[PDB]
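Note: the block below is target.pdb and it holds PDB, N, CA, C and O atoms.
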```pdb
ATOM      1  N   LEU A   1      61.470   5.142 -81.747
ATOM      2  CA  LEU A   1      60.221   5.035 -80.938
ATOM      3  C   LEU A   1      60.474   4.380 -79.577
ATOM      4  O   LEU A   1      60.045   4.911 -78.550
ATOM      5  N   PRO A   2      61.177   3.222 -79.532
ATOM      6  CA  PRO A   2      61.472   2.532 -78.269
ATOM      7  C   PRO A   2      62.228   3.429 -77.292
ATOM      8  O   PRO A   2      61.873   3.520 -76.117
ATOM      9  N   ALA A   3      63.263   4.099 -77.795
ATOM     10  CA  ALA A   3      64.070   5.004 -76.977
ATOM     11  C   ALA A   3      63.230   6.155 -76.437
ATOM     12  O   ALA A   3      63.422   6.577 -75.300
ATOM     13  N   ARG A   4      62.287   6.649 -77.248
ATOM     14  CA  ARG A   4      61.406   7.741 -76.826
ATOM     15  C   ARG A   4      60.772   7.422 -75.470
ATOM     16  O   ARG A   4      60.483   8.326 -74.685
ATOM     17  N   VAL A   5      60.585   6.126 -75.192
ATOM     18  CA  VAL A   5      60.021   5.676 -73.925
ATOM     19  C   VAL A   5      60.902   6.124 -72.772
ATOM     20  O   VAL A   5      60.570   7.051 -72.032
ATOM     21  N   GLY A   6      62.034   5.440 -72.651
ATOM     22  CA  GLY A   6      62.998   5.745 -71.604
ATOM     23  C   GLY A   6      63.389   7.213 -71.592
ATOM     24  O   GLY A   6      63.593   7.799 -70.530
ATOM     25  N   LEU A   7      63.480   7.804 -72.784
ATOM     26  CA  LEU A   7      63.834   9.216 -72.932
ATOM     27  C   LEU A   7      62.756  10.117 -72.334
ATOM     28  O   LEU A   7      63.060  11.036 -71.572
ATOM     29  N   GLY A   8      61.494   9.839 -72.674
ATOM     30  CA  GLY A   8      60.387  10.621 -72.152
ATOM     31  C   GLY A   8      60.309  10.555 -70.640
ATOM     32  O   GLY A   8      60.146  11.577 -69.974
ATOM     33  N   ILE A   9      60.446   9.347 -70.094
ATOM     34  CA  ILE A   9      60.411   9.144 -68.665
ATOM     35  C   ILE A   9      61.572   9.862 -67.991
ATOM     36  O   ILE A   9      61.354  10.627 -67.071
ATOM     37  N   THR A  10      62.800   9.632 -68.476
ATOM     38  CA  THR A  10      63.985  10.281 -67.938
ATOM     39  C   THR A  10      63.814  11.801 -67.952
ATOM     40  O   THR A  10      64.306  12.490 -67.058
ATOM     41  N   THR A  11      63.069  12.314 -68.938
ATOM     42  CA  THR A  11      62.791  13.730 -69.013
ATOM     43  C   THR A  11      61.952  14.091 -67.798
ATOM     44  O   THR A  11      62.224  15.064 -67.091
ATOM     45  N   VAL A  12      60.957  13.239 -67.533
ATOM     46  CA  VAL A  12      60.100  13.411 -66.365
ATOM     47  C   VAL A  12      60.954  13.295 -65.106
ATOM     48  O   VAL A  12      60.832  14.091 -64.182
ATOM     49  N   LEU A  13      61.844  12.302 -65.117
ATOM     50  CA  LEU A  13      62.783  12.037 -64.046
ATOM     51  C   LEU A  13      63.606  13.283 -63.716
ATOM     52  O   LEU A  13      63.838  13.593 -62.540
ATOM     53  N   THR A  14      64.003  14.028 -64.755
ATOM     54  CA  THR A  14      64.740  15.259 -64.568
ATOM     55  C   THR A  14      63.857  16.203 -63.773
ATOM     56  O   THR A  14      64.281  16.794 -62.779
ATOM     57  N   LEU A  15      62.603  16.294 -64.217
ATOM     58  CA  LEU A  15      61.603  17.117 -63.549
ATOM     59  C   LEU A  15      61.371  16.620 -62.120
ATOM     60  O   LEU A  15      61.149  17.412 -61.217
ATOM     61  N   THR A  16      61.442  15.304 -61.910
ATOM     62  CA  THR A  16      61.261  14.738 -60.587
ATOM     63  C   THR A  16      62.258  15.368 -59.615
ATOM     64  O   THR A  16      61.912  15.690 -58.478
ATOM     65  N   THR A  17      63.494  15.550 -60.088
ATOM     66  CA  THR A  17      64.549  16.148 -59.290
ATOM     67  C   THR A  17      64.412  17.676 -59.208
ATOM     68  O   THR A  17      64.537  18.259 -58.131
ATOM     69  N   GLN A  18      64.178  18.312 -60.359
ATOM     70  CA  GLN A  18      64.049  19.772 -60.435
ATOM     71  C   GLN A  18      62.724  20.273 -59.852
ATOM     72  O   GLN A  18      62.721  21.101 -58.940
ATOM     73  N   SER A  19      61.605  19.774 -60.389
ATOM     74  CA  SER A  19      60.269  20.171 -59.929
ATOM     75  C   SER A  19      60.166  20.128 -58.403
ATOM     76  O   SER A  19      59.612  21.042 -57.793
ATOM     77  N   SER A  20      60.716  19.073 -57.791
ATOM     78  CA  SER A  20      60.691  18.940 -56.334
ATOM     79  C   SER A  20      61.537  20.032 -55.676
ATOM     80  O   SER A  20      61.104  20.671 -54.715
ATOM     81  N   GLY A  21      62.741  20.241 -56.209
ATOM     82  CA  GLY A  21      63.640  21.259 -55.681
ATOM     83  C   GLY A  21      63.931  21.096 -54.199
ATOM     84  O   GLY A  21      63.982  22.083 -53.464
ATOM     85  N   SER A  22      64.137  19.852 -53.761
ATOM     86  CA  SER A  22      64.440  19.569 -52.359
ATOM     87  C   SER A  22      65.927  19.782 -52.086
ATOM     88  O   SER A  22      66.308  20.408 -51.095
ATOM     89  N   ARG A  23      66.753  19.255 -52.986
ATOM     90  CA  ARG A  23      68.205  19.370 -52.889
ATOM     91  C   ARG A  23      68.680  20.791 -53.194
ATOM     92  O   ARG A  23      69.620  21.285 -52.567
ATOM     93  N   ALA A  24      68.029  21.441 -54.164
ATOM     94  CA  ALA A  24      68.385  22.804 -54.559
ATOM     95  C   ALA A  24      68.317  23.770 -53.374
ATOM     96  O   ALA A  24      69.258  24.526 -53.126
ATOM     97  N   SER A  25      67.204  23.725 -52.643
ATOM     98  CA  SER A  25      67.004  24.585 -51.475
ATOM     99  C   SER A  25      65.710  24.223 -50.749
ATOM    100  O   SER A  25      65.730  23.882 -49.566
ATOM    101  N   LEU A  26      64.587  24.305 -51.469
ATOM    102  CA  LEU A  26      63.272  23.991 -50.907
ATOM    103  C   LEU A  26      62.933  24.962 -49.773
ATOM    104  O   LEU A  26      62.652  24.547 -48.645
ATOM    105  N   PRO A  27      62.970  26.280 -50.059
ATOM    106  CA  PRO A  27      62.681  27.318 -49.061
ATOM    107  C   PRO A  27      61.232  27.282 -48.561
ATOM    108  O   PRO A  27      60.993  27.179 -47.357
ATOM    109  N   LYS A  28      60.274  27.355 -49.489
ATOM    110  CA  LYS A  28      58.852  27.321 -49.140
ATOM    111  C   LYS A  28      57.978  27.372 -50.394
ATOM    112  O   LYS A  28      57.095  26.533 -50.572
ATOM    113  N   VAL A  29      58.242  28.348 -51.269
ATOM    114  CA  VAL A  29      57.487  28.492 -52.514
ATOM    115  C   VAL A  29      57.721  27.286 -53.420
ATOM    116  O   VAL A  29      56.777  26.709 -53.965
ATOM    117  N   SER A  30      58.992  26.904 -53.557
ATOM    118  CA  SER A  30      59.380  25.758 -54.373
ATOM    119  C   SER A  30      58.824  24.454 -53.795
ATOM    120  O   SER A  30      58.612  23.491 -54.527
ATOM    121  N   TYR A  31      58.587  24.436 -52.479
ATOM    122  CA  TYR A  31      58.053  23.256 -51.804
ATOM    123  C   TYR A  31      56.567  23.099 -52.106
ATOM    124  O   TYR A  31      56.089  21.995 -52.380
ATOM    125  N   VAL A  32      55.851  24.221 -52.056
ATOM    126  CA  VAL A  32      54.417  24.243 -52.325
ATOM    127  C   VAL A  32      54.120  23.760 -53.742
ATOM    128  O   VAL A  32      53.282  22.878 -53.946
ATOM    129  N   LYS A  33      54.823  24.339 -54.718
ATOM    130  CA  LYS A  33      54.652  23.968 -56.121
ATOM    131  C   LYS A  33      55.200  22.566 -56.380
ATOM    132  O   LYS A  33      54.577  21.778 -57.096
ATOM    133  N   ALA A  34      56.359  22.257 -55.786
ATOM    134  CA  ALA A  34      56.984  20.944 -55.946
ATOM    135  C   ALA A  34      55.991  19.839 -55.631
ATOM    136  O   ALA A  34      55.826  18.901 -56.412
ATOM    137  N   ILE A  35      55.317  19.966 -54.490
ATOM    138  CA  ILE A  35      54.327  18.984 -54.091
ATOM    139  C   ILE A  35      53.010  19.245 -54.784
ATOM    140  O   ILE A  35      52.078  19.828 -54.230
ATOM    141  N   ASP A  36      53.003  18.808 -56.038
ATOM    142  CA  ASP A  36      51.875  18.949 -56.965
ATOM    143  C   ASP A  36      52.344  18.772 -58.414
ATOM    144  O   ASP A  36      51.602  18.274 -59.262
ATOM    145  N   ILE A  37      53.578  19.210 -58.690
ATOM    146  CA  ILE A  37      54.163  19.142 -60.026
ATOM    147  C   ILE A  37      54.842  17.801 -60.296
ATOM    148  O   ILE A  37      54.480  17.100 -61.242
ATOM    149  N   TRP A  38      55.819  17.445 -59.468
ATOM    150  CA  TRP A  38      56.528  16.191 -59.632
ATOM    151  C   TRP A  38      55.723  15.055 -59.036
ATOM    152  O   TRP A  38      55.753  13.953 -59.557
ATOM    153  N   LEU A  39      54.969  15.322 -57.973
ATOM    154  CA  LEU A  39      54.133  14.279 -57.403
ATOM    155  C   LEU A  39      53.213  13.771 -58.502
ATOM    156  O   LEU A  39      52.910  12.591 -58.579
ATOM    157  N   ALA A  40      52.836  14.673 -59.405
ATOM    158  CA  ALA A  40      52.024  14.317 -60.557
ATOM    159  C   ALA A  40      52.727  13.223 -61.376
ATOM    160  O   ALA A  40      52.083  12.403 -62.032
ATOM    161  N   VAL A  41      54.059  13.223 -61.304
ATOM    162  CA  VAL A  41      54.906  12.246 -61.993
ATOM    163  C   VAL A  41      55.198  11.082 -61.054
ATOM    164  O   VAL A  41      55.042   9.923 -61.419
ATOM    165  N   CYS A  42      55.626  11.418 -59.838
ATOM    166  CA  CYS A  42      55.953  10.401 -58.833
ATOM    167  C   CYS A  42      54.729   9.542 -58.488
ATOM    168  O   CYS A  42      54.835   8.324 -58.357
ATOM    169  N   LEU A  43      53.577  10.189 -58.356
ATOM    170  CA  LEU A  43      52.319   9.507 -58.035
ATOM    171  C   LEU A  43      51.871   8.587 -59.169
ATOM    172  O   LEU A  43      51.625   7.400 -58.954
ATOM    173  N   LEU A  44      51.758   9.145 -60.371
ATOM    174  CA  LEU A  44      51.323   8.384 -61.544
ATOM    175  C   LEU A  44      52.318   7.290 -61.928
ATOM    176  O   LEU A  44      51.921   6.167 -62.235
ATOM    177  N   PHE A  45      53.603   7.627 -61.931
ATOM    178  CA  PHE A  45      54.651   6.673 -62.306
ATOM    179  C   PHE A  45      54.754   5.510 -61.317
ATOM    180  O   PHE A  45      54.769   4.348 -61.727
ATOM    181  N   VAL A  46      54.824   5.819 -60.020
ATOM    182  CA  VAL A  46      54.926   4.782 -58.991
ATOM    183  C   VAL A  46      53.680   3.900 -58.960
ATOM    184  O   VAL A  46      53.784   2.672 -58.970
ATOM    185  N   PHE A  47      52.507   4.531 -58.926
ATOM    186  CA  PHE A  47      51.239   3.798 -58.895
ATOM    187  C   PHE A  47      51.100   2.882 -60.112
ATOM    188  O   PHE A  47      50.793   1.699 -59.970
ATOM    189  N   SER A  48      51.339   3.431 -61.305
ATOM    190  CA  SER A  48      51.250   2.654 -62.545
ATOM    191  C   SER A  48      52.248   1.495 -62.541
ATOM    192  O   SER A  48      51.946   0.411 -63.037
ATOM    193  N   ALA A  49      53.433   1.733 -61.973
ATOM    194  CA  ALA A  49      54.480   0.712 -61.893
ATOM    195  C   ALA A  49      54.053  -0.434 -60.981
ATOM    196  O   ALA A  49      54.197  -1.607 -61.338
ATOM    197  N   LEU A  50      53.506  -0.101 -59.811
ATOM    198  CA  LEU A  50      53.036  -1.126 -58.887
ATOM    199  C   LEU A  50      51.901  -1.895 -59.538
ATOM    200  O   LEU A  50      51.870  -3.126 -59.512
ATOM    201  N   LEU A  51      51.007  -1.150 -60.176
ATOM    202  CA  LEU A  51      49.899  -1.733 -60.911
ATOM    203  C   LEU A  51      50.440  -2.568 -62.073
ATOM    204  O   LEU A  51      49.785  -3.502 -62.544
ATOM    205  N   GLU A  52      51.657  -2.221 -62.518
ATOM    206  CA  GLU A  52      52.311  -2.922 -63.612
ATOM    207  C   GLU A  52      52.655  -4.339 -63.174
ATOM    208  O   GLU A  52      52.375  -5.304 -63.887
ATOM    209  N   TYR A  53      53.241  -4.461 -61.980
ATOM    210  CA  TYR A  53      53.594  -5.760 -61.442
ATOM    211  C   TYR A  53      52.353  -6.516 -61.018
ATOM    212  O   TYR A  53      52.216  -7.710 -61.239
ATOM    213  N   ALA A  54      51.441  -5.817 -60.404
ATOM    214  CA  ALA A  54      50.217  -6.445 -59.971
ATOM    215  C   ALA A  54      49.533  -7.089 -61.181
ATOM    216  O   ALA A  54      48.838  -8.103 -61.061
ATOM    217  N   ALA A  55      49.808  -6.525 -62.367
ATOM    218  CA  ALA A  55      49.292  -7.074 -63.615
ATOM    219  C   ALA A  55      50.185  -8.216 -64.041
ATOM    220  O   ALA A  55      49.736  -9.186 -64.631
ATOM    221  N   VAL A  56      51.455  -8.108 -63.654
ATOM    222  CA  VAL A  56      52.431  -9.142 -63.885
ATOM    223  C   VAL A  56      51.784 -10.455 -63.443
ATOM    224  O   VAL A  56      51.950 -11.500 -64.070
ATOM    225  N   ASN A  57      50.987 -10.343 -62.364
ATOM    226  CA  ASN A  57      50.233 -11.455 -61.812
ATOM    227  C   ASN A  57      48.892 -11.612 -62.538
ATOM    228  O   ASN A  57      48.412 -12.734 -62.709
ATOM    229  N   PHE A  58      48.282 -10.487 -62.969
ATOM    230  CA  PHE A  58      47.005 -10.541 -63.669
ATOM    231  C   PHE A  58      47.171 -11.165 -65.057
ATOM    232  O   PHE A  58      46.550 -12.182 -65.368
ATOM    233  N   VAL A  59      48.021 -10.547 -65.876
ATOM    234  CA  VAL A  59      48.292 -11.027 -67.225
ATOM    235  C   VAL A  59      49.164 -12.284 -67.221
ATOM    236  O   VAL A  59      48.920 -13.217 -67.990
ATOM    237  N   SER A  60      50.185 -12.298 -66.358
ATOM    238  CA  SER A  60      51.103 -13.431 -66.252
ATOM    239  C   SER A  60      51.853 -13.657 -67.571
ATOM    240  O   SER A  60      51.988 -14.789 -68.041
ATOM    241  N   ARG A  61      52.345 -12.564 -68.164
ATOM    242  CA  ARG A  61      53.082 -12.633 -69.422
ATOM    243  C   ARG A  61      54.419 -13.358 -69.245
ATOM    244  O   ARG A  61      55.093 -13.126 -68.217
TER
END
```
Just give me the structure as structure tokens.
Amino acid sequence: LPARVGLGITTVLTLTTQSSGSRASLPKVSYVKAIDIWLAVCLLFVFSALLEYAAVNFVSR
């Protein structure tokens, strides 16, 4: 179960690289879809992470 965490995210992380397709080529079609697919991960993951620390201050665990 614990590993499923990092594993699930890293799976998303793979998508972060692939879904974006910036390094692969990023001609135009892949760019349009990329900015909506991985951003869905980059946006939620980054925002939640910042909110995670901001809670670091809220909860003060």
Might you pull out every residue within 8 Å of residue 42 of chain A, with only N, CA, C and O atoms counted and same-chain residues fewer than 6 positions away left off, and present them as number ranges by chain? A: 12, 16, 36, 48-49
Among segment 5-53 of chain A, which ones does DSSP place in alpha helix (DSSP H), written as a ChimeraX atom specification? /A:5-20,29-37,39-53
For atom O of residue 60 of chain A and atom O of residue 47 of chain A, quote the distance in Å rounded to one decimal. 18.4 Å
When the PyMOL selection byres (((chain A and resi 37-41 and name CA) around 12) and name CA) is applied to the file above, which residues end up in the set, as a PyMOL selection string? chain A and resi 8-22+30-36+42-49
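The coordinates place atom N of residue 6 of chain A at 18.1 Å from atom C of residue 50 of chain A.
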Report, in Å to a single decimal, how far apart atom C of residue 4 of chain A and atom O of residue 58 of chain A are.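 Those two atoms sit 26.2 Å apart.
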